[PDB]
Amino acid sequence: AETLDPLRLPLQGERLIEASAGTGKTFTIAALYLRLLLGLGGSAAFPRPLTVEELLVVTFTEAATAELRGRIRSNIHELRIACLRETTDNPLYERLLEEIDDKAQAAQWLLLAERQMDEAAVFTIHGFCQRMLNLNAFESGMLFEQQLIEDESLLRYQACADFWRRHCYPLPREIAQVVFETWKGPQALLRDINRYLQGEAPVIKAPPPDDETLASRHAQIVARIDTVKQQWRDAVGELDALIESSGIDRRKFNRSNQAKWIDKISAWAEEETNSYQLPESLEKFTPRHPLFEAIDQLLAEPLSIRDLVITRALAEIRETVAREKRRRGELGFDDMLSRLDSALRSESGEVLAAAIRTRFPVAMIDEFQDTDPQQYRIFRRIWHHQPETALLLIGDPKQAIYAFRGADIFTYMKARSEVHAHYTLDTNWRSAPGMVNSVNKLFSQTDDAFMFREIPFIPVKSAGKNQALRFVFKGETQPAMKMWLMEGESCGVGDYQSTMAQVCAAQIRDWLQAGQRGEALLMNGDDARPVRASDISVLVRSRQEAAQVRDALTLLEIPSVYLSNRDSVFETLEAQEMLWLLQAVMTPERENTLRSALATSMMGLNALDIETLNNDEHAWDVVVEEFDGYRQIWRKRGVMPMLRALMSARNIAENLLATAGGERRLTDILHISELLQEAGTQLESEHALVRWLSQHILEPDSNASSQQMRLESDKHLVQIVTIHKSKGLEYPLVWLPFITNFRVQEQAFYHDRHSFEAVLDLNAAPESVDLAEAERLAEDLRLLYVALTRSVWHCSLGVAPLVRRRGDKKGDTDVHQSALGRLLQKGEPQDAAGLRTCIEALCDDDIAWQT
Amino acid sequence: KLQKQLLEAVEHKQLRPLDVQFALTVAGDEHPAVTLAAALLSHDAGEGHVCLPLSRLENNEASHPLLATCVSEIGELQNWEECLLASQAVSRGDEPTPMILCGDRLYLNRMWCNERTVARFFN
Amino acid sequence: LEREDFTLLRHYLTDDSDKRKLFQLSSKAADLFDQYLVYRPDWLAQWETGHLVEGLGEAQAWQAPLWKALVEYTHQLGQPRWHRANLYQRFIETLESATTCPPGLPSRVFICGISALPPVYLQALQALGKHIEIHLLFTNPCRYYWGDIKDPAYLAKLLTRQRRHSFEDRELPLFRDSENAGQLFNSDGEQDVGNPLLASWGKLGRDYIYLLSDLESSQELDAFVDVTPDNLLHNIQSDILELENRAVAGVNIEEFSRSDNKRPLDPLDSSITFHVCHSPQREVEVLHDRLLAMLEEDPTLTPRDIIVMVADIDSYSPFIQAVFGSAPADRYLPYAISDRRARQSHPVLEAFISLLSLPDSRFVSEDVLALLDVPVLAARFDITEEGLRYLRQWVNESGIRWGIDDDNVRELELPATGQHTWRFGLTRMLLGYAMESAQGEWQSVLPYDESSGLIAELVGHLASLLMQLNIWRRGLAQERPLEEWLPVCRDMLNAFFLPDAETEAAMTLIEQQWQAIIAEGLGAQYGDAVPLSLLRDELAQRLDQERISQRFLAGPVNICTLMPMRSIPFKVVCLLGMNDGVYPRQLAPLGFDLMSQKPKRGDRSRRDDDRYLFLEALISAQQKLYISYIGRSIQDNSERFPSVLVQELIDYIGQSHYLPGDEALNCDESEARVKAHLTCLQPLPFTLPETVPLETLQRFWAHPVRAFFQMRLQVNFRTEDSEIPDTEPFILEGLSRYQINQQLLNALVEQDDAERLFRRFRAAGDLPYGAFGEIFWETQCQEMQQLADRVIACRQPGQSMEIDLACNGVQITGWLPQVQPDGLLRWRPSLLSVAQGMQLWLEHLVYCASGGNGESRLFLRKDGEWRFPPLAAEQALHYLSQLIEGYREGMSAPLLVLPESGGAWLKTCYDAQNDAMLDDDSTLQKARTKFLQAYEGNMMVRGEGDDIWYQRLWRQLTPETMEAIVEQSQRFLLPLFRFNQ
DNA sequence: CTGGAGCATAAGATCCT
DNA sequence: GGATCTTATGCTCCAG
C-alpha cells in the first residue's frame, strides 16, 4: 500500500489503484493518459510512445465518457500550449515539462493527438464489445446488421407465459393445488425470478436431477407422509412426559387433536401440536420410541416443488428468449457480452486475444468497483500475461453499491488476490479537515470496520487549501459532526422518522433564517457567504420514506424537491387531459365530450362561466367553429401546430405561469406534446395515435423516455436525493436521519467466501442465510461510507436507539444490526445510556450531539 | 369437401358471407346433408324471413344436386327431419340447439322463442 | 467450402445457416470487390493469375481464390467477361496511338463541382485529353500549392509555371527556400502551411491536388478572386486563401503578454455566431427566431439563398416540420424538406411488410386490427370505420388475444386450449347471433348475446378476411425457388389490395421493386429454393434506401444533410448536429478490408469526407455563419463538449483576434473574452323543485363531488376504456372478479345449483384453463357459502312497494324493491364503506317515514355488517329534511364531504361510550394520521385522493381545507356512527 | 359507477395445577 | 403459574 504519485507510477504490468472519495480520479487518469501519450517516466514508462488510436479507456457511464473525453482534450490543448511556451503555473505541468525531453517532437505528437482525438478509444463496455465484434465478425461468429433493443421485459414475460403454458397445463388438481398455494401466476413467477434471470445464470447449490419430475416428487412426498401417518396411527396411545407446574395435566388435548388430525394423506397441512414431539420441548414439559425423532426429522425438512420449478424456469426461459431474440434479429447488452465471453471461451479465443492485444496493447478500466465476472474473465483471458502489453485497473471498492443491479465485490476480491500492485491516494479535495478527522475517528473507532481485513480503510490528509473551512451557526463556530438524539430512549420506526423529520425541518428553518439575516456563514478563512435552500441537502434510501420527510418539510413551509424522480410523466393529470382534448377535437360535434374537455383545468375557467356558456347558443356555436377549425388544422398540418395555436389563443401559457405551481404542469404539457410528436411521426393515423396515447397512459412505463425533467434551476429549494444518484457528486450540507435504520434480508442467495462465486440456494441453510446477512451488513457499511464521504463542510446524522424486536425497552437495544450500531457499539447489545457513553467517548470538540 | 362449392357460391355473389360462415360454424366437418341444409337455412335467415318449410329444402335444389351429394350413409336421407335430428345442430327445443324442428319448420332459435313468446302472449 | 483455406468461413457458416448470414456476407463481399475493382485493380489482375501482392495483411488468401472462382463461374455461364478493370488499360493502349477524333466521341466535356475522382479515372481522362478539350473545375481554398512532396527529383518537376487566363503567370511565393528548407519535408508533406484549419481538414484535398499536379500533360491556369479583409468571415477566408498563420503562441514573455499583433474584431459582427442549446427543439426554435431576425435586418435577402445543414436528417426533421408549420402567418417563412426518408404511403407499406411477416406471426389481436385499420383493406373487405367501434368492443368482451387456429397453436409446441383463438371468437359470435345467453352452452361455447340484429354481417366479413389470412399463412410458409416466387407478388397484391387512386403509386413501386429483385435473381440464375425471410428483409433494404434529393431550389429555405461531393456558395449557412460523437459520422470498416490495413493516395472515408465537407462549407459562406450544438442536456444538467472541428475553429478564432476594448492584457484573457463574446444561449343559482325521483337522491349521495359535475353543469369525465390485453388472464384481479363474484353469490341466495353456472363460465372462456379455474372456483364457493348462510337464516320472502312522500314542500317518488316485514335485507360483496351503509340509510328513512316499523340490516364479505334501528315518522323526516337540504346545498355548491376518509376521521373522534363528540387533542392526533392514510392509499390499494373528480378542484391539501372537509362531513356523518348497531 | 394485503403478533381472557 | 387464542397492529427499496 505505497503512497502513489503519477510522476513515479510504474506504467508496466497489472496494477490496482485505490482512489478514495475526492481523490481526483479524473485528474489522475488524465495525467497518466498524458504520460502514456508522451512516453515519460524513464524506467517506469512504456518502452515506446503511444498514438491516441491505441489507448483504450472504457468507462461505466456515457456521460462520464463524454465529460472525461472533453477534459482530456482540454488537457492535451493546454499541455501543448505550456510545452510551446516552456512555462506554466500548474505544478503538474511544470514537472511534466521538466521530465519531457524534446519539445519539438513532443509538440508535434500532441498536435497529432489533438487532431486525431475525435476517434479516441473511449467507450462503454457494451459499445466496446459491439465494436470489437463488428471488427472481428469472423472470429466472433455474429451478424452485421444489429440494433439496440432495450425492452427485454416483454420478451421475458412472453417466455414465462410460454413456460407456464407448456409445463403446467396437463397437471392434475392436487399438483395444481400446491403450486397455486406457493405462487399464483406467471406474473408472480416473473416477480420472483426476474433478478435471477437478469445478468448471468448463477450456480445453484445442490441442483435437482434432470430426470426428476413433478409427479415423482409428489409421489415421494405423499409416501413420506403416509409412512409416518401409518406409524403414528399404529403406535398411538401411551404417556411418558413429566407433568410439570408448566406442563398441565390437560395436555391430552394435543394428543386428541393429533388423533382427529388423522384424516387423509391427500392434504398438505399439519398441526401445531404435531411439533410437541420434540425432546427439547419435553425438557420444558425420555424418547423411548423412534417415532419421537422420526416426526422431528420429517418436520425439520421443508417439502415443496419450488426448487424444481425454479431450476426448470432458469434453465429454459433464458435459452428460449435467447433463441427467439436470435430469430427476430435483436440483441441485448448482456447478450453480446455473453457472445464475446463464449467466443473467448472457444478455441479461437487465443486468436481473438492476439488480435486485440496487437490492436490495443493497453486498457485502462474506470470504476472497477462496479464490474462483472464475465468482464473480469474477458480481461484475464486477453491481457493477463504477455508483457509489452500493459493493463491498469483503477477502481474504489468502498463505493460499490449496485449489487441489486448486478455488481459484485467478490469479483474485485478475486482480482485483488490476482494482482500484486496496490496503491492509494491522500489528497481528499472535497471535504473539510474536520470531516476528514471525523471519518478517520469513526472508521478507526473499531478495528475491522468493513468486517474484512482485505479492504482496509487507509486514513487520508485533507488539502492545505481547504484548512480554512470553518462552519458558523448563530455567532460561535460549530463542530464538524453534531449528531441528534431525540426526546426518547426506545421508539418505533414511525414516530422515530417523524421526530427526526420534525427536528430536521427545525434546524433547516433556523439555518435558512440565520443565512437570511446573516448569521449562518459557510465561511472559508476571510471569505464568508450565507447558506441558502439549495445549499442544504438530505440523503435517503427509499422513495416512500423520502416522501415521509418531504411531508414534514412541506408542512413547515420549506419547499422541497425530489431529485431522484423515477415517476413517469404519463401518470400525472396532463396525459389524460391531452386525452380528452384530443377526443373532443377529433369529433367536435359531441356536446357532452366537448363540454367535458372545456370544463377542465387546462383552460382555467370557472363554474359560473361554464353555466353561462351552457345557455349562450352563439358562444357555443363559435367555440364549435373554433374546435372545428382546430380539427382542420390538425388533419392538415400535424400535431403541434394546433397546440401552439390553442395556447397562443387562450393565453394559458401566460395564465399558468401567473398562477403558482403551474410551471411544472406546463412543462409536463410541453414534454408530453413533444413525445407525442415523435410518436405520431411513425403513427401517421390519428386514431392510431389516440390508441397509442391511451395504451401508454394505461401502462406506466419506467424507461428514460417518459421521465419528468427537472423543473427549473433559477428557483432554489432543498433537494431530496437518493443515495445511489448522489455517487460522484458533492453537497455542502448533508442530512442523514435514516441511515441508523436498516432492513434484515431473508432471500437465500450468497457468495462463496473463498472461491468467489455466486451461490443460489433454495434451502433454509443457516450458513447460507447468515452469510447473506453478513454481506448485507457489508453493503450497508459501504453505503454508510459513501454517505459520510459525500459531505463537504458539516455532516449531521441522527443517533437513535432503534428497536425492531417487539420488546421496546428491554435493556438491550437492537441497534447492533445496523452499520451505525456496528461501528458505535462494537458489536454489543446496548441501552440508551450506553449509546450516550459510546458517543461521548469519541466526542472531542469536533464530534458532538444535542437533544 | 363441399367447401369449394360454398366458396364458388360466395364468388357468385348470390348469398352472404354471414350465412356461409354461420353454416361452417354450425356444421363443422360432419355430414354434407347437414352442411347444405344449414347453408340454406342460414341463407333464408339472411334475407330475414322468420320461418322455412322442409318442402322448400327438399324441392328447390338451387344450383347443385343437393340430394345426390347429401346421401352419404346407410339407408336413405330423404327423411330430412331424421337426418337433421341426428345432428346436434337441430333439435326440438329442449336443449340449447341452433335449429328448431317440431312441426315441419326449421329456423333460428331466436325467432322460435320470440314467436312462441308472442303466441302465448296473445293466447 | 473445404479447400483448407476457408476454415474461418466454415466456422462462421456451419454453426447455423438460414441464408441470412450468407446474404450478409455476399452483400459485404460484393461491396468490397466493387471497391477493389474501382480503386486498386492491380490486385484483381494478380488474382486472375492466382498470386497475391506482398505487404498485404490477412484474409487475402481467401479473398483471392473467391474472385478467381467467381470470374471462372461467370465465364462458364456464358456471360460477357468484360468489365472496368480489364478494359481501362486496353482503352488506354487503344487510345494513346490512333486518329484525332474517332466517330461517336463528344466534341467537348465538362467537370464541375467534383472534388474526388479515382486515380484510374483521372489516368483515363489524361490519356483521352490528347484528342478533345476537357475543362476541370476544382475549388481549392488556397492559391499556392499546399500538397505533399515525394522526392527531390519530383520538386524539380514542380517548377511548372501556372498562367492566368490571359495576362501572366504565377505560382507559390519564395520558390527556392520553400523547397530547400523544412517546408517540403524530406518524407512527410508540408507542415509550415500556417493555417491549422487547412492542415487538419484538407486530408482528401492534399492528396487530390498532389495527384492533379502529378500529370505531365497538364495545362493549369487559374481565376482566383481576391477577398476583402473587412469582417471575421472574410478574414478567415483571406487567411485560408493566402496560406499564412495568425495564431499567437507566446514565444517569450513579451509575446505572451502583448496582444496587439492580432487583428481586432468588430464587437457587433453578426457573421459568425456560436450558440449552445439544451434540446434540439429549443435549438430549432432559436434558429427560427434568428432566421427571422436577419431576414428582418437585411432587406436584400431571400429565404431561397439560405441553407441549413444537419448531421442526421431523421432525428431532426420532425422538429423542423413542427416548428415551421406551427409558425404563425405574420411570422411565416417557407420551408422545403429534402434528403429525408422517402415515406409516401406509410400505412400501406407497414401493412405490406407485416403481411410479409405472416407465416411466423403469433396473430396478436391488436396487431391484426392495426393491419385492418388500413382503408384499402377496409374498402376491399367492405368493413367501415363505423364498424370499427363495434368490432373493437366485440373482440374486447369476447376476449380474443392469441393465434388464429389450434393447428397454429400446436405448431409452436403449445397445448391446444381451444379457447381465446380467432376461430373460437367467430364461433362465439355466430352462436350468439343464433342464441341467447340464458340458454347456455351448445358445444361448450357460450353464445355472445350482444350481436343479434342486422349488424351481424361485419363479423361475417371479418371471418372471410380471417379465412383468407389462414389460407395465405399456410401458402407462404413453404420455401420455394424464384420461379415459384415469380407470380406470388402479383397474386398477393391483387388479392389483399383494392387498386384505388391513392394506392396506385405504392402499387407501381412495390411491383417494380419486386420485379427488379426477381430480375436480378433470374439474371444470375439461382437454382435452389429460398425462404421468405431473405426476400422480406431484402425488400426492406431496397425500400428504405431510396432517399429524395429532388426538392432543392424551390424557393423556400433548404433543409438537407451534408451530402458528400456537394459544395454550393450561398450567403448564410447554418450548422446542426455539432455534438461530440455524432459529427463527423464515424464508421468502422468491414474488418477484413485491406484498404484500412494498407492505405493509398486515393483514399475516401466517411470521416475524411465529413471534414472536407465542413471545410468547404466554411468556404461556402459569404455573409453569415451559424454554429449550434447541444451543450447541456437538461436531464442531468451535465456538461457536453462540442465537436473537435468546431472546437479547433473556436480555438483558432480565440488565438487569432482580440476584442477592441481589452487591447493589451494577455493572450489568455483575450481568448477567454472573445470566447465569452461569441457564445450565447363558487356560488351558483339553483331552485329546488317539488318533484324529486328517488334515484336522483341515490345518484347524488354516492359521490357528492361527482354528482356536482354530472348533472348541474352536465360534465362527465368519461375517459376511454382500457386497452385489450395481450394474454389470456391466468389470474383474475380488479373488476373482473366483481361481476363473476356477484353472479356466483346470487345462485346460492336462492340455493340453486352452481355447477351449471360453473360450466356456463367455462364455456365463456373467462376462467383459467385446467384445474386452475376449478381450484379458483372452489375458493369463491367456500367464501360465498359462508356469506350465504348468514343471509339465508335472516331471509324471508318480501315484495316491493311504491313510495310517495312529501317533505320540505317537495314530493318524493320512487320504488323500494324487495322489502320483507322485519325490514331491509341487502348484501354486496365488498368491505365496510361509509357510502354503502349510507346507501341503505337513505332507503331506511323513506321506509320508516311512511310507517313501516322495522330495522334494516346489511351483510358483506369478511364478516362486515351494517345495522340501523327504526324510529318514528317524525324523527325519520327530521333526519331526512336535513338530508334533503344537503341535496340543494350540494346541488348549488360542491359540498366538501369525503365519504370514506371523512368517516375514518370521525370514527376515531366519535365515542359510543358517551354517545357524543370528543375534543381531546391526543385522539385528534390519531384522526389526522388516519385521515391521510384514508385519503392517500397504501403501496397497493388506491386511496380516495387519486380521483379525477377531486383532482380538478384542487391538487394539494391545506390545513384550512383539512378542517373544511371535516366540518361539513361531521354534520352529515353523525347519524351513521350514532345509530350503528 | 362498482372492486382492493398478509403475517407475526403480545395484551387480555379464560381454562387448568 | 402454567397455557392456548383471537384479535389490533405493524410493515413490507435502489437503477438503463
# chains A, B, ... in the order shown; residues from 1 in each chain; ligands from 1

call {"tool": "closest_atom_pairs", "arguments": {"of": "chain C", "to": "chain D", "cutoff": "9 Å", "atoms": "only C-alpha atoms (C1' of nucleotides)", "output": "JSON lines"}}
result
{"residue": "C:733", "atom": "CA", "partner": "D:3", "partner_atom": "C1'", "distance": 8.8}
{"residue": "C:734", "atom": "CA", "partner": "D:3", "partner_atom": "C1'", "distance": 5.7}
{"residue": "C:735", "atom": "CA", "partner": "D:3", "partner_atom": "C1'", "distance": 5.0}
{"residue": "C:736", "atom": "CA", "partner": "D:3", "partner_atom": "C1'", "distance": 8.3}
{"residue": "C:737", "atom": "CA", "partner": "D:3", "partner_atom": "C1'", "distance": 7.6}
{"residue": "C:738", "atom": "CA", "partner": "D:3", "partner_atom": "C1'", "distance": 5.9}
{"residue": "C:830", "atom": "CA", "partner": "D:3", "partner_atom": "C1'", "distance": 7.5}
{"residue": "C:940", "atom": "CA", "partner": "D:4", "partner_atom": "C1'", "distance": 7.7}
{"residue": "C:941", "atom": "CA", "partner": "D:4", "partner_atom": "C1'", "distance": 5.5}
{"residue": "C:942", "atom": "CA", "partner": "D:4", "partner_atom": "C1'", "distance": 7.4}

call {"tool": "write_last_selection", "arguments": {"atoms": "N, CA and C atoms", "output": "short mmCIF file (atom, residue, chain, number, x, y, z; two decimals), in the first residue's frame"}}
result
data_model
loop_
_atom_site.label_atom_id
_atom_site.label_comp_id
_atom_site.auth_asym_id
_atom_site.auth_seq_id
_atom_site.Cartn_x
_atom_site.Cartn_y
_atom_site.Cartn_z
N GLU C 733 -57.98 -10.27 -11.23
CA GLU C 733 -57.96 -9.16 -10.29
C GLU C 733 -58.97 -8.11 -10.72
N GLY C 734 -59.12 -7.07 -9.90
CA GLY C 734 -59.90 -5.91 -10.26
C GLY C 734 -61.40 -6.16 -10.40
N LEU C 735 -61.99 -5.42 -11.34
CA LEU C 735 -63.42 -5.52 -11.60
C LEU C 735 -63.81 -6.82 -12.28
N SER C 736 -62.83 -7.60 -12.76
CA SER C 736 -63.13 -8.89 -13.37
C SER C 736 -63.74 -9.84 -12.35
N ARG C 737 -63.25 -9.82 -11.11
CA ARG C 737 -63.86 -10.59 -10.04
C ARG C 737 -65.29 -10.19 -9.75
N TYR C 738 -65.58 -8.89 -9.69
CA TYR C 738 -66.80 -8.40 -9.06
C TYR C 738 -68.04 -8.87 -9.81
N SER C 830 -68.34 -6.59 -0.68
CA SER C 830 -67.28 -5.59 -0.58
C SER C 830 -66.96 -5.40 0.90
N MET C 940 -50.41 -0.72 -2.43
CA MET C 940 -51.18 -1.46 -3.41
C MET C 940 -52.61 -0.96 -3.56
N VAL C 941 -53.24 -0.52 -2.48
CA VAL C 941 -54.63 -0.08 -2.54
C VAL C 941 -54.66 1.37 -3.03
N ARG C 942 -55.74 1.73 -3.71
CA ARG C 942 -55.92 3.07 -4.23
C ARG C 942 -56.72 3.90 -3.24
#

call {"tool": "interface_residues", "arguments": {"of": "chain E", "to": "chain A", "cutoff": "9 Å", "atoms": "only C-alpha atoms (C1' of nucleotides)", "output": "NGL selection string"}}
result
:E and (1-3 or 13-16)

call {"tool": "residues_around", "arguments": {"residues": "region 903-920 of chain C", "least_positions_apart": "2", "cutoff": "9 Å", "atoms": "only C-alpha atoms (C1' of nucleotides)", "output": "ChimeraX atom specification"}}
result
/C:833-834,898-901,922-931,934,966,969-970,973-974,977-978

call {"tool": "atom_distance", "arguments": {"atom1": "CA of residue 304 (chain C)", "atom2": "CA of residue 291 (chain C)"}}
result
12.4 Å

call {"tool": "decode", "arguments": {"residues": "region 8-31 of chain B", "atoms": "N, CA, C and O atoms", "output": "mmCIF file, in the first residue's frame"}}
result
data_model
loop_
_atom_site.group_PDB
_atom_site.id
_atom_site.type_symbol
_atom_site.label_atom_id
_atom_site.label_comp_id
_atom_site.auth_asym_id
_atom_site.auth_seq_id
_atom_site.Cartn_x
_atom_site.Cartn_y
_atom_site.Cartn_z
ATOM 1 N N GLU B 8 -67.527 -21.074 -54.287
ATOM 2 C CA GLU B 8 -67.977 -20.600 -55.594
ATOM 3 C C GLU B 8 -69.368 -19.985 -55.484
ATOM 4 O O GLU B 8 -69.728 -19.098 -56.269
ATOM 5 N N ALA B 9 -70.157 -20.428 -54.497
ATOM 6 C CA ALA B 9 -71.393 -19.721 -54.173
ATOM 7 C C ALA B 9 -71.107 -18.321 -53.635
ATOM 8 O O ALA B 9 -71.871 -17.384 -53.891
ATOM 9 N N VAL B 10 -70.031 -18.174 -52.856
ATOM 10 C CA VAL B 10 -69.593 -16.849 -52.407
ATOM 11 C C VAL B 10 -69.226 -15.980 -53.602
ATOM 12 O O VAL B 10 -69.682 -14.838 -53.733
ATOM 13 N N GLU B 11 -68.397 -16.524 -54.496
ATOM 14 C CA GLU B 11 -67.906 -15.776 -55.648
ATOM 15 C C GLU B 11 -69.020 -15.441 -56.633
ATOM 16 O O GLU B 11 -68.924 -14.436 -57.347
ATOM 17 N N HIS B 12 -70.096 -16.229 -56.653
ATOM 18 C CA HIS B 12 -71.241 -15.907 -57.496
ATOM 19 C C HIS B 12 -72.039 -14.718 -56.964
ATOM 20 O O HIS B 12 -72.937 -14.237 -57.665
ATOM 21 N N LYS B 13 -71.728 -14.255 -55.744
ATOM 22 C CA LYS B 13 -72.300 -13.086 -55.052
ATOM 23 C C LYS B 13 -73.834 -13.096 -55.090
ATOM 24 O O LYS B 13 -74.508 -12.079 -55.270
ATOM 25 N N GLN B 14 -74.368 -14.296 -54.869
ATOM 26 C CA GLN B 14 -75.798 -14.518 -54.717
ATOM 27 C C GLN B 14 -76.237 -14.519 -53.259
ATOM 28 O O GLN B 14 -77.385 -14.162 -52.969
ATOM 29 N N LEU B 15 -75.338 -14.847 -52.340
ATOM 30 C CA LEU B 15 -75.668 -15.100 -50.944
ATOM 31 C C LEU B 15 -74.544 -14.541 -50.075
ATOM 32 O O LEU B 15 -73.591 -13.937 -50.580
ATOM 33 N N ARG B 16 -74.650 -14.745 -48.761
ATOM 34 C CA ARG B 16 -73.929 -13.903 -47.816
ATOM 35 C C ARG B 16 -72.754 -14.619 -47.168
ATOM 36 O O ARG B 16 -72.844 -15.815 -46.854
ATOM 37 N N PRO B 17 -71.647 -13.911 -46.928
ATOM 38 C CA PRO B 17 -70.597 -14.463 -46.060
ATOM 39 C C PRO B 17 -71.087 -14.747 -44.655
ATOM 40 O O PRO B 17 -70.580 -15.674 -44.009
ATOM 41 N N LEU B 18 -72.067 -13.972 -44.173
ATOM 42 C CA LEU B 18 -72.740 -14.265 -42.911
ATOM 43 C C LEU B 18 -73.285 -15.684 -42.896
ATOM 44 O O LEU B 18 -72.985 -16.468 -41.990
ATOM 45 N N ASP B 19 -74.066 -16.037 -43.918
ATOM 46 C CA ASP B 19 -74.698 -17.348 -43.922
ATOM 47 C C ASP B 19 -73.674 -18.443 -44.178
ATOM 48 O O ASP B 19 -73.806 -19.550 -43.647
ATOM 49 N N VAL B 20 -72.637 -18.131 -44.963
ATOM 50 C CA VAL B 20 -71.578 -19.100 -45.245
ATOM 51 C C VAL B 20 -70.851 -19.489 -43.963
ATOM 52 O O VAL B 20 -70.718 -20.675 -43.632
ATOM 53 N N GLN B 21 -70.401 -18.492 -43.200
ATOM 54 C CA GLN B 21 -69.640 -18.816 -42.004
ATOM 55 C C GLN B 21 -70.548 -19.278 -40.875
ATOM 56 O O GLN B 21 -70.106 -20.031 -40.002
ATOM 57 N N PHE B 22 -71.827 -18.887 -40.898
ATOM 58 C CA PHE B 22 -72.798 -19.471 -39.980
ATOM 59 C C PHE B 22 -72.956 -20.963 -40.242
ATOM 60 O O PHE B 22 -72.970 -21.772 -39.305
ATOM 61 N N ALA B 23 -73.060 -21.344 -41.519
ATOM 62 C CA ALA B 23 -73.154 -22.753 -41.880
ATOM 63 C C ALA B 23 -71.895 -23.509 -41.487
ATOM 64 O O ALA B 23 -71.972 -24.643 -41.002
ATOM 65 N N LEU B 24 -70.727 -22.891 -41.679
ATOM 66 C CA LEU B 24 -69.479 -23.530 -41.268
ATOM 67 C C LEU B 24 -69.420 -23.724 -39.757
ATOM 68 O O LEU B 24 -69.020 -24.790 -39.277
ATOM 69 N N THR B 25 -69.839 -22.718 -38.987
ATOM 70 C CA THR B 25 -69.746 -22.815 -37.537
ATOM 71 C C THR B 25 -70.828 -23.688 -36.916
ATOM 72 O O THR B 25 -70.648 -24.135 -35.778
ATOM 73 N N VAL B 26 -71.936 -23.944 -37.606
ATOM 74 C CA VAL B 26 -72.945 -24.864 -37.089
ATOM 75 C C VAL B 26 -72.882 -26.239 -37.732
ATOM 76 O O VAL B 26 -73.613 -27.140 -37.292
ATOM 77 N N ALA B 27 -72.044 -26.446 -38.748
ATOM 78 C CA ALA B 27 -71.863 -27.768 -39.323
ATOM 79 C C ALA B 27 -70.522 -28.401 -38.984
ATOM 80 O O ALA B 27 -70.479 -29.608 -38.731
ATOM 81 N N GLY B 28 -69.442 -27.631 -38.946
ATOM 82 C CA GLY B 28 -68.136 -28.212 -38.686
ATOM 83 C C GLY B 28 -67.687 -29.076 -39.848
ATOM 84 O O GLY B 28 -67.653 -28.636 -41.004
ATOM 85 N N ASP B 29 -67.337 -30.329 -39.548
ATOM 86 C CA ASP B 29 -66.865 -31.267 -40.561
ATOM 87 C C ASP B 29 -67.760 -32.497 -40.659
ATOM 88 O O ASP B 29 -67.334 -33.527 -41.192
ATOM 89 N N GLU B 30 -68.989 -32.415 -40.157
ATOM 90 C CA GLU B 30 -69.915 -33.539 -40.190
ATOM 91 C C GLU B 30 -70.661 -33.551 -41.529
ATOM 92 O O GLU B 30 -70.249 -32.899 -42.494
ATOM 93 N N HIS B 31 -71.762 -34.310 -41.589
ATOM 94 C CA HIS B 31 -72.416 -34.794 -42.802
ATOM 95 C C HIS B 31 -72.753 -33.670 -43.785
ATOM 96 O O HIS B 31 -73.304 -32.630 -43.376
#
